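Here you get one chain, nothing else, as structure tokens; it is the form deposited in one PDB entry.
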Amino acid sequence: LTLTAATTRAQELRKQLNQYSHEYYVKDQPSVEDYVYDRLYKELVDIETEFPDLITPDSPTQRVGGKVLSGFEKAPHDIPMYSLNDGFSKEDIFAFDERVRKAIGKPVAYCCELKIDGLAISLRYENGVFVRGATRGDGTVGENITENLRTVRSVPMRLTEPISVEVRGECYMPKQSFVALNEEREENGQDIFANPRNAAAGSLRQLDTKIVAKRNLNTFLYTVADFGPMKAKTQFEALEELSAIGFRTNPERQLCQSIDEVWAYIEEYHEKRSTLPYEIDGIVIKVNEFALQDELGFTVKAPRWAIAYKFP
């Protein structure tokens, strides 16, 4: 296989393998059987081994990691990563809804999402290419964990469209991976992780990307910070649009027209809670219309258009 034949074949394989990987990791719905992916994967690895100069950032062989950093660099957030006000009872929720109605002057629809137990991260894309990944940190400055995020399978290295955007989401570790990880630590005489959140956070502080690639972390994107060319005028639309451009979003989302539908939603998943492959510790209620979120604005620490109902 010449260099010219390999240069061309590599792009075809990356193109196809990344599509398969998208259906598998992002949609949780693989089209082909693993052995189909494996052969093609092995074929690209042969080509990459023959011509290491054909290796690209979006090549699926990169998910295994390799870089070891001396430490993390500061990662300023152009747009703040605010906190969330909390509600602990049915009353707190209706109390919040009344304040929202008092400020807006009419009933408002809420986009409801599960409060994923993990670590909030920000992703930056230039012309569809993944260029930066950062932890939330203190809200205005986090850590630059770009190299580690490259190993998180559901994080696209190249979007379905060459657009430039900044999105924020939750990076977590599924219950079963959490369980196996602790057994592994127990076997090695290490201290186990108290919960999945700590397992995720601790994994993302790891400097050896080879290790982080094995931590089996996943993601759920919940917001667009810098829209770029994106349309979306409501949170519900933002979530569908995050999915359209190639991000992993949470299927359990729901748009509720009333505060009563929101409570029914809370109760619904309050039961289903234990049946999810990941831990949640509540529900995040968001004023759907961006025009309305803008009206409500933010307090000094959190938006006045959202509240997180924390489970008891």
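A residue's number is simply how far along the shown sequence it sits, counting from 1.
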| property | result |
| --- | --- |
| Which of 273 to 281 and 60 to 68 has higher mean CA B factor, as the PDB entry lists it | 273 to 281 |
| Stretch exceeding the other in mean C-alpha B-factor - 154 to 162, 85 to 93 | 85 to 93 |
| Out of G128, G139, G169, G189, residue topping the C-alpha B-factor column of the entry | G189 |
| Top residue by Cα temperature factor, when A244, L44, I55, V262 are compared in the entry | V262 |
| Third of the chain's Cα B-factor distribution that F236 belongs to, per the entry | middle |
| Record-listed C-alpha B factor of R205: chain third | middle |
| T223 - which third its CA temperature factor falls in, relative to the rest of the chain | lowest |
| Where the record places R39 (Cα B-factor, split into thirds across the chain) | highest |
| Position of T135 among the chain's modelled residues by C-alpha B-factor, lowest, middle or highest third | lowest |
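Keep in mind that the form deposited in another entry is missing from the display, and what follows is about it.
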property: Hinge residue among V64, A95, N127, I266, where one rigid part swings against the other between the shown form and the other one; result: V64
property: Pairwise C-alpha change, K42 versus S177, in the other entry against this form - closer or farther, 3 angstroms or more; result: farther
